[PDB]
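A short write-up of the structure that comes next.
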Amino acid sequence: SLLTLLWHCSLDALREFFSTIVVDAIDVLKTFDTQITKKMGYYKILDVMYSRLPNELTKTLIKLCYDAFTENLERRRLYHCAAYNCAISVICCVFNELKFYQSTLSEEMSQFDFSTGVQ
Amino acid sequence: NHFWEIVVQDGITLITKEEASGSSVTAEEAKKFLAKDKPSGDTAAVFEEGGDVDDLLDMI
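Chains A and B are the protein sequences, given in the same order. Numbered per the UniProt record's numbering, the first sequence spans residues 1823 to 1852, 1862 to 1885, 1909 to 1926, 1934 to 1963, 2034 to 2050. Numbered per the UniProt record's numbering, the second sequence spans residues 672 to 706, 708 to 732.
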C-alpha cells in the first residue's frame, strides 16, 4: 500500500509527514522476523522520501543505513537488498562526487444519466 | 607538540651546506623558509572510514 502514496503524494505533504516522523523512525531504526519486517519497511520509506530534497538531526541517520547491509533466513537477504536500495537512494545528493563507498448536449446527456442514476 | 619552528627562529644559521660560501648562504636561507597545503580525501589516512562519516554530518 504505502509506496504508491509515498511515490505520488504531494511533495509538500511529504515534507510535513517526514518531519512528523523523523525521530519516530530514528529510534525504531535501531520473533526477530518482525523486527526485520519493520526494518524493510523503514528502508523502503526512507529511500523514497530521500528522493526529493535534503531539521538538524538529518546529518547522522545516513550511516545507520549502510552498516545494515554489511552483515557477513532469505528474509535476511531481502533485508540486505532493503538497506542497499535505501543507500542507493540516499547517495544521490550526498556523495554527488565519485567514491560512493560501496456543453449543452453533454450536460443534457449527463442530466439523463442522472435521471437513470447510472453511467 | 613543539618542533623545528623554534629551531627555525633560533637555528637561523647553518642548517644547510657551508663548505663553499656564496652557495652555502643561499642554501641555508632556502632551508630557513620551508616550502602551502594539499588535500588527500577520506579513505586515505589513520582510521580511514570515519572520513566518509566526516562527510556525513551536516544538514542542519
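Even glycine gets a Cβ: it sits at the ideal position worked out from N, Cα and C.
Of the residues B:673, B:722, B:714, B:701, the one whose Cα lies closest to the Cα of residue 1960 (chain A) is B:714.
Secondary structure at residue 1955 (chain A): coil, using DSSP grouped into helix, strand and coil. Here residue 1880 (chain A) carries a helix assignment [DSSP, helix/strand/coil]. Here residue 2040 (chain A) is exposed. Its C-beta has fewer than 16 other C-beta atoms within 10 Å. Pairwise C-beta distances place the segment 1834-1841 of chain A out of contact with the segment 1911-1920 of chain A, as fewer than three of them are shorter than 8 Å. At a cut-off of 8 Å between beta carbons, residue 729 (chain B) contacts chain A.
By the rule that beta-carbons nearer than 8 Å mark a contact, residue 1962 (chain A) touches chain B. A residue is called buried when at least 16 other Cβ atoms come within 10 angstroms of its Cβ; residue 1947 (chain A) meets this threshold and is buried.
Within 7 Å of the CB of residue 718 (chain B), no CB atom of chain A is found; the nearest one sits about 17 Å away. Check the Cα spacing between residue 720 (chain B) and each of A:1962, A:1871, A:2042: the tightest is with A:1962. Distance between residue 1943 (chain A) and residue 1873 (chain A), taken at the CA atoms: about 9 Å. Taking the Cα positions, residue 1852 (chain A) is about 18 Å away from residue 1938 (chain A). Within chain B, the residues whose beta carbon sits less than 9 Å from that of residue 1917 (chain A) are 724, 725, 728, 729, listed in sequence order. Take residue 687 (chain B), set aside five residues on each side of it, and the residues of its chain with a beta-carbon closer than 6 Å to its own are 698, 699, 702, in chain order. In the assembly as shown, residue 1877 (chain A) is a buried residue. Its beta-carbon has 16 or more other beta-carbons within 10 Å. When 8 Å is used as the limit between beta carbons, residue 1838 (chain A) is near no residue of chain B, the shortest such separation being about 18 Å.
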